[PDB]
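K.L.:
turn this into a model:
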Amino acid sequence: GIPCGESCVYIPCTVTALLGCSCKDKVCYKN
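P.N.:
Numbers count the residues shown, from 1 in each chain. See below for the structure:
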């Protein structure tokens, strides 16, 4: 639910992927 900022527009999130953020609504959120 926490917006990690980085979004998955064209490619998957890479920096927030390290934070444990998931691609949801094309934005990466962590819970």
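
K.L.:
please name the nearest non-neighbouring residue to residue 6.
P.N.:
Distances taken as CB to CB, 6 or more residues apart in numbering place residue 16 nearest to residue 6, at 4.2 Å, with adjacent residues excluded. For every residue, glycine as well, the C-beta is placed using N, CA and C.

K.L.:
which residue of the chain lies farthest from its centroid?
P.N.:
residue 10 (12.1 Å; CA atoms, centre = their mean).

K.L.:
and the gap between that residue and residue 23?
P.N.:
12 Å (CB to CB, to the nearest Å).

K.L.:
same question for residue 15.
P.N.:
In terms of CB to CB, residue 15 sits 13 Å off from residue 23.

K.L.:
who's in contact with the most centrally placed residue in the chain?
P.N.:
Centroid check for the chain by CA atoms, centre = their mean gives residue 28 as the closest residue, at 1.8 Å. Listed by CB atoms under 8 Å, 6 or more residues apart in numbering, the contact set of residue 28 reads 3, 4, 5, 6, 7, 8, 13, 16, 17, 21, 22.

K.L.:
rerun that using 6 Å as the cut-off
P.N.:
Taking CB atoms under 6 Å, 6 or more residues apart in numbering, we find residue 28 in contact with 4, 6, 8, 13, 16, 21.

K.L.:
what's the most distant pair in the residues you listed?
P.N.:
4 and 8 (10.3 Å; CB to CB).

K.L.:
which of the three states applies to the residue farthest from the centre of the chain?
P.N.:
Counting by DSSP: H, G, I helix; E, B strand; the rest coil, the backbone at residue 10 sits in coil.

K.L.:
next one: residue 5
P.N.:
strand.

K.L.:
picking up where we left off before, just the element for the residue nearest to the centre of the chain, please.
P.N.:
strand 27-30 (DSSP states H and E).

K.L.:
mind listing what's buried in that strand?
P.N.:
27, 28, 29 (16 or more other CB atoms under 10 Å).

K.L.:
returning to that earlier point: next, count neighbours for the residue nearest to residue 6.
P.N.:
Residue 16 has 22 neighbours, counted by other CB atoms under 10 Å.
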